[PDB]
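Starting off, we have a lone chain in the form deposited in one PDB entry, written out as structure tokens.
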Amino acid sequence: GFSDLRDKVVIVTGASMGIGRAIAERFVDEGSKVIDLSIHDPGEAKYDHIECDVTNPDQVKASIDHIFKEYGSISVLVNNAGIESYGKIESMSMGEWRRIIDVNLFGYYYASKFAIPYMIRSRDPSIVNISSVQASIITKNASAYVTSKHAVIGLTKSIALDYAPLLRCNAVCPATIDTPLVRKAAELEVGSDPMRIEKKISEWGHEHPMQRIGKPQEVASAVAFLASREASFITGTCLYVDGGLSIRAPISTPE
């Protein structure tokens, strides 16, 4: 693992399930003091939790102020909380489109804005933003989601440039990962049949050169690496955890 993460205060947003929970658990395994900021209670977890809606800047500020007071520092912030709904720009209501931007982009902006002042009071703090392989190659009927993930890359570069060399900021760009959100995405297409869901997921996995979809722990490994001193000269970039998806053209060749 990354020994330097031990005992450091790590905040992870949206860590009650899926990738966020996997990230929180990895940091706990690294020995960090982890706090989850989410609207849902992670239940019996080894990490701390504060009820917090990332779209509410006042609650985000209060939660972060509380963490600094309780723990004495903040060394790592992982922005992960996000949502996805589908629809053509003409079908999705303007409210829902804006809501996706609010959670996926503004949530990252608020958490970063309020954590940074405290983070720079620590040695070599690091922010990791979870974007998507869709910051590059995109899906249909996902206007708001795709727009928000591209925005996250811009926010990431900005924070990196504005605060270097004291604080580093990078993003992780995952492709299809085995999470509740993805299983739900499949159900929205094939129904509740566990057999038919495995088929749709297998189809997606076969589209990735690695021939399977990713695991939450694989995204968590990239986050831990970027948050650690092992990435001391890495800032402003997105580490793609996509099983090769973003470099594959879907055009057959003779074999």
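Only residues modelled in both forms are compared. Throughout, we count residues from 1 along the sequence that is shown. In this text, rigid core is short for the largest set of C-alphas that superpose within 1.5 Å between two forms.
The protein also exists as the form deposited in another entry; that form is not presented, and the subsequent description refers to it.
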Following superposition of the rigid core, which of 134, 75, 176, 112 is the only residue with a C-alpha displacement of 2 Å or more between this form and the one not shown?
-> 134
Kindly check if the Cα atom of residue 89 is displaced 2 angstroms or more between this form and the one not shown relative to the superposed rigid core.
-> yes
Checking the C-alpha spacing of residue 137 and residue 240, a student should find that in the other entry it changes by 3 angstroms or more, with the atoms farther
Change in CA distance between residue 90 and residue 182 in the other entry, which is 3 Å or more, as closer or farther = closer
Fitting the two forms on their core, which runs of three or more residues have every Cα moved by 2 Å or more between this form and the one not shown?
-> 81 to 94, 132 to 141
